[PDB]
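I have placed the structure first, in the form of structure tokens, so that the comments after it can refer back to it.
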Amino acid sequence: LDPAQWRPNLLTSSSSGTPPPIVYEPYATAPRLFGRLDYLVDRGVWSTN
Amino acid sequence: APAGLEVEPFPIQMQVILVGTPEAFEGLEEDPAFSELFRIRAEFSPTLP
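In order, the protein sequence lines correspond to chains B and C. Heads up, the first sequence is in the entry's author numbering, so the first residue is 245 and it goes up one at a time. Heads up, the second sequence is in the entry's author numbering, so the first residue is 343 and it goes up one at a time.
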């Protein structure tokens, strides 16, 4: 059982609500909009979770 | 690289003094963002009295 593959990945948290989350993203490239999926290298093997 | 670093935005305290031949700016003044950022045109007279 891989501990990394079964863990809730924190994206954000709201300590607020006034003001609401205002995300100005002027560099709206796909990695900067939808997020990145980075990988770990294990002996030349690409892995992700 | 498998995974980079998420570098946060940095408030810029420097000021940029570009230097260029006028035809080098003829191809760079087309952006309205250029006019908004660089506002002081220090233009050298090619001929002195």
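Backbone N, C-alpha and C fix where the C-beta goes; we use that ideal spot for every residue, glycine too.
Using beta-carbon distances, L284 (chain B) counts as an interface residue toward chain C, with a partner under 9 Å. Rounded to the nearest whole angstrom, the CA to CA distance from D282 (chain B) to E385 (chain C) is 48 Å. Contact between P265 (chain B) and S258 (chain B) holds, since their C-beta atoms are separated by about 7 Å, short of 8 Å. According to the DSSP secondary-structure assignment, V358 (chain C) is paired through a beta bridge with no residue.
In the displayed model, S291 (chain B) falls within a strand according to three-state DSSP.
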